[PDB]
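Before any comments, here is the structure.
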Amino acid sequence: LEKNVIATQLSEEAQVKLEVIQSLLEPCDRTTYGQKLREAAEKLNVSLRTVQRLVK
DNA sequence: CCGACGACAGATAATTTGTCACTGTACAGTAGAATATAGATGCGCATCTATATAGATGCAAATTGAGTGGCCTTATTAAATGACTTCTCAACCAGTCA
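Numbered by my numbering, the letters in the first sequence go through residues 19 to 74 in order.
Set out below in structure tokens:
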């Protein structure tokens, strides 16, 4: 048996979250995760735990 | 010391429900009805049939009247009755007598 889901055209908030996810797609260093997660919290204006929930 | 995940609490749009204002649309005589078909049922009229003959005919006893055929002692006499046949049926003159 088979299953899949595909996103339609993204909303503007989902576009911003796509740029944040792309900003968090590159790194390999724990220091750089901490830096880019905190800048992403500032870019989204959310808590650091909120950005962690978004990545998850 | 740094990073990731769970508990608890807090804030938030999606969902559902309710209320309110503006609006497209039906009310305007109208689809029960027309037109085929098959299939079964019933009344009428004809077309046979099977029974029922009484009249006519042929025949065979059953007398019935009307025929026809076959079988029989005889000769004399006498009487009686009834018949037949034959024959016959003159008239005056001549010789006695009381």
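Ideal Cβ positions, reconstructed from N, Cα and C, are used throughout, including at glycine.
What does the alpha-carbon distance come out to for the pair residue i and residue j?
| i | j | result |
| --- | --- | --- |
| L43 | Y51 | 10 Å |
| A58 | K21 | 32 Å |
| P45 | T26 | 28 Å |
| residue 151 | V23 | Because residue 151 is not part of the residues shown, which for the chain are 19 to 74, the question remains open. |
| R48 | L28 | 30 Å |
By the 10 Å Cβ neighbour count, where 16 or more other Cβ atoms means buried, how is residue i classified, buried or exposed?
| i | result |
| --- | --- |
| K54 | buried |
| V34 | exposed |
Under the assumption that residue i contacts residue j (Cβ atoms under 8 Å), give the Cβ distance between them as a whole number of angstroms.
| i | j | result |
| --- | --- | --- |
| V38 | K61 | 6 Å |
Specify the secondary structure class of residue i as computed by DSSP and reduced to three states.
| i | result |
| --- | --- |
| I39 | helix |
| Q27 | coil |
| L19 | coil |
Any alpha helix (DSSP H) of 4 or more consecutive residues that is wholly inside the region 43-69: Secondary structure remark: continuous alpha helix (DSSP H) runs of at least 4 residues inside the region 43-69, in chain order: 48-62.
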